[PDB]
Structure formats: C-alpha cells, structure tokens
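The chain below stands alone and is given as structure tokens, in the form solved without adenosine-5'-diphosphate (ADP).
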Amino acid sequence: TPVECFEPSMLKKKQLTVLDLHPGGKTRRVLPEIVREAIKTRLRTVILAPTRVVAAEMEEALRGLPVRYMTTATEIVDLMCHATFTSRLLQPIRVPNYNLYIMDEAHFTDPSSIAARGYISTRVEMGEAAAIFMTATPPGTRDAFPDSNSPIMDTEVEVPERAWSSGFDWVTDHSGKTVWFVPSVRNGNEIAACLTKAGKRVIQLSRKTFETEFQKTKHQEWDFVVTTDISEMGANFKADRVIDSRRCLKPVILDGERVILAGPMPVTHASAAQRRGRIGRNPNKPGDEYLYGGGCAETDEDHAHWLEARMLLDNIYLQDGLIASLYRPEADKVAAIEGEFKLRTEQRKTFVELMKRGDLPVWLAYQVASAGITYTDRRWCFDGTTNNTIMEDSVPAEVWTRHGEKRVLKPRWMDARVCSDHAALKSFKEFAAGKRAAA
C-alpha cells in the first residue's frame, strides 16, 4: 500500500515503497530530503525521471548536492530518465549496482518504464536494493477522481473528438488556459487546427516533440495545450481547465504477427486521474475545472507495452542466468513465458540498435533481430505482403533506397506505430532508405 511521507527506514535493502505525489513539494522538498539521507547513509543511489524536462527540474532542485545528470546512455547520486536507465541495462557493460532506486512518476506505462520497474523490484526482492516509486496512481488504481490540493469541479460533457464547424462554444469562450488530452497525434492535429482557426494559440505535445516543445509553455502566449498521454508524467502547466477525451490508443499484437493501434478507447482510471491531476494543485486557487467525455476501463491483457517490457527484460543481465520479473502488480498483464524473447549476442546487439538508432518500436525491432537480419540490411522494409503496404496521401508510400531503387514501402512485419502520424512515417521512410536524420 502507498505511503504519504518519506521515512529513513524506506532506504533499507529489501524495502519497496510507493510514495504519493501532490505537487503545488516532491521535486523541491521531498526529493532533497531523500537524497540527503541517502548521501548521509552512503548509499549508491540513482534517481529516474520520466522525461528530461523533469530530470532538468530535479537537477535544479538538487543543485548544491552531489548529483550527476546523465542525459544520454557512494559520493555522487546519479540522475537519468527511465528510458536512459533501461538503455544502459541493455548495454554490454554492467550498470552500477545501485542499492537505492528512486523512480519519479513511477506509473509511466511505456515499455522502458515497465522494464525498469521490473528490474528494480527484482533487485529489491533479491535483497540487493531499496526502491521508492513516487506516483499518485500506482498500478491497480481505480479512482479517477482522487481528492486534490484544491477541489476540482468535475463535469461530464460532450467533448469534441474531431474538428467542429459549430457548437461547443464553452470550449472557446473560456478565458483561462486549458490542457486538452487527445488519444493520438493525428487527432490532436485536427483539434489543434480547429482551435487555431477560432483564434486560439495552441501548443501541441507528443512523445517525439515533448522535450523541445514543452518549454514553449513557459515562454510564449498560449491558450490551449493539446497533448497525448505523455503529459500524464509530471508535466506542470499553469492551467485552470483540463478537457479530457478520456480516450487513448492501445497497441495490440494480433496473433503474434502484427501490431495494430486499437481505439480510440477508454483510458485507465490512473490515466484519467493523472490527466485531471494537471489541475487542482494550488490550495489557494479554487475553481479549476475538469471536463470529461466518457468513462474509464482497465487495461486488458492485450496491451503490447507489457509484452514489449518482457522482450526488454529477457535481454537484460541481472545475475548469472537470471531474468528479472515484472513488478508484481503488473505481472498478470502478459502471458509471455520468462525468457521466451532472449536473443543470442549478435541478434541482441541488432535488437538494441534497431530500437536506439532505428527508432523502431520494441516489438518490431524484436521481429527483425530474431529473423537474423543485421541492422543496416533494410530489404525487409519492402518485401512484405501487399496487406502491409504503407500509404501516404492515399497512395502507396515510395522510398528511394540507398541502393538507388524506388520501392513501395511494404514492410515484412507491420507495426502501425511506424506510420501513425506524419513524423513517424517520415522517420520510418528515412530508416527504410538507409538514412537517418540528425537528432
């Protein structure tokens, strides 16, 4: 069961604590308290932030303490993102044996975060570490309307799911700042364009743009942020209203053979609570409003992220021949057998390269690597079934390859995430051509 405040006994090996977060001070006060006690007791500590934005915030709150920010993959506390940590676990050189792991926004359901929680909770169960998972919505939360620092006015209302030509005056007649959660980048593009046509200033946030676009919320005028679920991970906005579609997309592996994006479908209770949790933060500012369009539903056993986390953990060294388990509250989300995704050395390197350098989803990188294909061999992007033809502007997408041939994009394994929005398709087309954008 989660806990309300930190105590030094939580730093002893074998302890795993879920600590609640009500900002409005985890970053500025609680985190320094934990780090100071860890330094005083001479622990080997790592702090895991969900995003680089949050990591930079922590770096500021911890200045004056010996903390090493590690932006890419007992005297010094290490700080890095969840994904950076998991990337390090996959590298051939062994990660430090931290004996204290502090994971902020520990509800994050992306595969690298799930994998990090499994690795960490396994180290704790082995008696090698303590861990603190900081989140207001641990796995299994069923309350979409938790009590908050200031009361929130919760109103169920019809929320536009597409651009509107009339109606919905309540959306645009508000004079404050609104965070609008959408199920996908493409849906956000359409909503954002409609708001901009109405004269609103809109900033759009997604996983690929977050680390550079989020800063715009502090430096330019804005009326709406239109964001995917990425803003459920500690994103702080000066807003008085949240509009919540209550929808998400779900990547689903159909028959072990392809990945579709199912939905839009209802969000989890934790996601709804985190979306609503962008407001209600200041006890001296009442009147924040959460407007929501439908219900919640708990994640089925078919969400690809937990299977992808097992693909990662099956390829992460732990201790001799052991493989880490998922964190127990999340372990029933898969039926995969421990070790069924373990790859041999050379295929494992290719798997990591396809994710890190190719920017491919975990599942897709696994298919390619397990087929024995090397990282630079892109023939599989073009030799699939015509059912896998990728479309661009209603016609088949075509790529000029490194080898000087024009080919229809038709990958042997189809993962809908590679073409779900313009930027995703652009990156995958570059990969298929043997090229890579400077990033």
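In this text, the rigid core denotes the largest set of C-alpha atoms whose superposition between the two forms falls within 1.5 Å. Note that residue numbering follows the sequence shown and begins at 1.
Greater average departure of CA atoms from the shown form, over structures and residues in 4 other deposited structures of this protein after a core fit, characterises 276-284 among 244-252 and 276-284. Put simply, when the other structures in 4 other deposited structures of this protein are lined up on the rigid core, the C-alpha atoms of 145-153 lie farther off than those of the other stretch, from 356-364 and 145-153. Omission of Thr74 is seen in a third or more of the other entries compared for this protein where the adjacent residues are built.
Unmodelled stretch separating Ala73 from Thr74: 4 to 9 residues (count of deposited-sequence residues without coordinates). Once the C-alpha B-factors are averaged per stretch, 205-213 and 225-233 rank with 205-213 first. For the segment pair 25-33 and 383-391, the entry gives 25-33 the higher mean B-factor, averaged over Cα atoms. Residue set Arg278, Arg247, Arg94, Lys356: peak C-alpha B-factor at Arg94 (per PDB entry). Comparing C-alpha B-factors across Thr178, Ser121, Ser165, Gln367 in the deposited entry, the largest value falls on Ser165.
Sorting the modelled residues of the chain by their CA temperature factor places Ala432 in the lowest third. In the deposited entry, the Cα temperature factor of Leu65 places it in the highest third of its chain's modelled residues. Sort the chain's modelled residues by C-alpha temperature factor and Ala56 lands in the highest third, per the entry. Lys218: CA B factor in the highest third of modelled residues in this chain (values from the PDB entry).
For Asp78, the recorded CA temperature factor ranks within the middle third of the chain's modelled residues.
Below: the form deposited with adenosine-5'-diphosphate (ADP) bound, not depicted.
With the site C-alphas superimposed, the ligand pose in the bound PDB entry sets adenosine-5'-diphosphate (ADP) onto this chain such that three or more atoms are within 2.4 Å of backbone or C-beta atoms; a blocked site results. Residue contact check for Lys26: one or more of its heavy atoms lie within 4.5 Å of adenosine-5'-diphosphate (ADP) in the bound PDB entry. In the bound PDB entry, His22 approaches adenosine-5'-diphosphate (ADP) with a heavy atom inside 4.5 Å.
Using a 4.5 angstroms limit between non-hydrogen atoms, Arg281 touches adenosine-5'-diphosphate (ADP) in the bound PDB entry. Residue contact check for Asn149: one or more of its heavy atoms lie within 4.5 Å of adenosine-5'-diphosphate (ADP) in the bound PDB entry.
Taking a 4.5 Å heavy atom cutoff to adenosine-5'-diphosphate (ADP) in the bound PDB entry, the contact residue among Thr209, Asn236, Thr217, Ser325 is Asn236. Across the options 62-70, 26-34, 398-406, 39-47, residues that bring heavy atoms within 4.5 Å of adenosine-5'-diphosphate (ADP) in the bound PDB entry belong to 26-34.
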